[PDB]
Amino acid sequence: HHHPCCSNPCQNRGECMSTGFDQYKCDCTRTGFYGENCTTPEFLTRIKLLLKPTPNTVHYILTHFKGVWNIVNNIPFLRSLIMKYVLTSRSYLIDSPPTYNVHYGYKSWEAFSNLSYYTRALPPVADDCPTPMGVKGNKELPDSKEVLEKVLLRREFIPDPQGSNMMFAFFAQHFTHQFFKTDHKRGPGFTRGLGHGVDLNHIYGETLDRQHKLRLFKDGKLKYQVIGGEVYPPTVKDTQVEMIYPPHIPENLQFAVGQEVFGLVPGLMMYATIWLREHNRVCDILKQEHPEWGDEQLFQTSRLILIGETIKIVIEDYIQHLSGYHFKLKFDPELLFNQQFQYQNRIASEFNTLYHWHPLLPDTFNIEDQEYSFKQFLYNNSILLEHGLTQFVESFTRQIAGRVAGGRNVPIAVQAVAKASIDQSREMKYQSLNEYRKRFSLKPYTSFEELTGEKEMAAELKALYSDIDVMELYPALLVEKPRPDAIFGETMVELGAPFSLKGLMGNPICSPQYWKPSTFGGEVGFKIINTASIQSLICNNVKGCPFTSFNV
């Protein structure tokens, strides 16, 4: 006798509970629905469901009428009202305090309190269910190698029509790997990022012992070295900071930074160097305002400013670019001060899964007159030293990235990574694509052709999975029909955006007792946060101040 909730019977965020070996009950508290399966809508619910516009209608409005948006963007009262709507509309979607995890399909103190887990937006399918997705489909899911090969692997390179470049692609990797840090000794549902958010541990280190080995202990600064007159991160041998390097890397090329894996990719070392310089620049600025401060307060206040700069850039440059909106997004914590909102966050497993954007990667990495293969590029920081940061920024600003949704664009060099995303999803017992769509208030797909918008890939998928209701989440995100001339389809935006909001606005520095000039050393440090940009980050820290952007 299998678990009676295995068919996911309760709808509209109702919670399922076994009441016997072969019976269940649904808890409809505060869903706005009632009945055995929480499918009968209450009166006000009927009215609310007739005035709600679709995600695709709202997307259409924000990506047209540029003349009307140019008006709106220059009326501050109107701009804050719309940005307030953008923030609050996606609030109700994330459980906070968090609930489930890979080991707990019911709420428990272990799931609430153990920070080594990723949390879960949907609870896992129970261990004794008759099929992998519950009751639907066949006894085993299709071979992941067949899924990968038929609809995921890149044939010809498909460029992103939104114009994303390699500055964007490496910013994504650098930024997200402060909170996606899987503890593979324990398993794919466990994390080593116990801060669960934007704490900049990828610059300063996750533990105090690592931070102190990275710090200079003069003027608040981080340790550094000088090569050819340029400032780079220090070495492993000088700091005793542990890093992951193949055994053939020379000691002088073993750079030491907050995140142990950033020596793997020269694009990650580019941003690690930029942010190290930015920290020491802000220390210089704070010392001129506060000659009376000691090393500890200079260091700590610089870190808070850089956290604020990160959130500012991610909202007003990074998300702004991804969105495609004509409306100008705004980082303004005061918009939430009269709203109900929880200043806390727990990183969800499914946020990690949807962020596996590996179609972004090009076939070769083009710097100046060179075209490096994957094998030449990995673990080779000599390329950074040979070319320099100015040439990296100028080259990466010009090279187009790949399109993520729309199918068949994962580079063959990382085919094993893509296969692992499928296999670990199943290992963690994820529910199906259509279950996740309902969870985020989207209509379930009725066919594979509806999923993809074409015929050839959908027919491959139909032969593999047979029922659209057992299609898996992660391959679906990469084959989904994209928005018109966009990098993503609907499922990626509507799942990614609420997770992202909580991680940015949930930071304590956005709470009322923190969001004050004195928190950042007075008005001068505050203004650094509120004027930050990807362009100013590069201009202040890269020789020659080259122009840059997240688009080609």
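When you see a residue number, it is the position in the sequence shown, counting from 1.
J.: Once you work out the mean C-alpha B-factor for both 487 to 495 and 35 to 43 from the entry, which is higher?
T.: 35 to 43 has the higher mean C-alpha B-factor.
J.: Can you tell me which stretch has the higher mean Cα B-factor, 144 to 152 or 266 to 274?
T.: Looking at the record's C-alpha B-factors, the answer is 144 to 152.
J.: Sorting 281, 248, 223, 429 by Cα temperature factor from the record, which one lands on top?
T.: Max CA B-factor in the entry, restricted to 281, 248, 223, 429: 248.
J.: Highest recorded C-alpha temperature factor, please, choosing from 59, 502, 527, 516.
T.: Of 59, 502, 527, 516, 59 has the highest C-alpha B-factor.
J.: Ranking every modelled residue in this chain by its Cα temperature factor as given in the entry, which third contains residue 365?
T.: Ranked within chain, residue 365 CA B lands in the middle tercile.
J.: Hey, what third does residue 538 fall into on Cα B-factor, ranked over its chain?
T.: Residue 538: CA B-factor falls in the lowest third of its chain.
J.: Could you say whether, by C-alpha temperature factor, residue 414 belongs to the lowest, middle or highest third of its chain?
T.: Residue 414: CA B-factor falls in the middle third of its chain.
J.: Using only modelled residues of the chain, where does the Cα B factor of residue 512 rank: lowest third, middle third or highest third?
T.: CA B-factor rank for residue 512: middle third.
J.: Residue 456: which third of its chain by C-alpha temperature factor?
T.: Ranked within chain, residue 456 CA B lands in the highest tercile.
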